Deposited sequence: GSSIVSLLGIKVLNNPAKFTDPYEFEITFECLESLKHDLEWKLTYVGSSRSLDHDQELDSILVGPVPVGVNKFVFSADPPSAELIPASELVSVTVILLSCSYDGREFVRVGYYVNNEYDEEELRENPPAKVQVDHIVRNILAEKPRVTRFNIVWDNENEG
């Protein structure tokens, strides 16, 4: 149906950050009318749509333009192949209304070591305490999906 909630911008606040730092996004959205159910924003680590990182619920949805901060926990280096700790990965930020995904924003992420010398000379055991992630916020991929909101047809 006609789209009640719309995403307006995303700021990637703490960027670049340590691999193990939480993610902090300021999210702007506009809600045109009272809705019956919750929004769920979630953050998914993709790498490769593998692992859900965190999720925040909003209900009841405030009407109008609103800004909030979404603090999402970082991926665990333990549930990740060492191959992917110092390469390019993807995070997926998405919103659902009543369990129905209507927007999805993808970012590429560069993961690289702290200092030049360590960049040029990777140790065979990966030192996660020295990996700095850098989300490429400048170039998002935005995908929307027409969904049924509160008016059944």
item: Stretches with no C-alpha atoms in the model, relative to the deposited sequence starting at 1; value: 49 to 53, 159 to 160
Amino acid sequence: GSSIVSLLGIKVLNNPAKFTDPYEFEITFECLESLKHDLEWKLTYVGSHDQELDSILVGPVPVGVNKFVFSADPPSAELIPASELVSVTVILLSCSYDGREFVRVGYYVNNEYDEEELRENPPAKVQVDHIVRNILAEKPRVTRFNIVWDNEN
From here on, numbers count along this sequence of modelled residues.
| query | finding |
| --- | --- |
| Higher-B stretch (mean Cα B-factor, as the entry records it), 142 to 150 or 3 to 11 | 142 to 150 |
| Higher-B stretch (mean Cα B-factor, as the entry records it), 13 to 21 or 125 to 133 | 125 to 133 |
| Options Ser96, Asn66, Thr44, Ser87 - largest CA temperature factor per the record | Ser87 |
| Among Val103, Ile56, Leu118, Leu32 - the residue whose C-alpha B-factor is largest in the record | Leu118 |
| Position of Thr28 among the chain's modelled residues by C-alpha B-factor, lowest, middle or highest third | lowest |
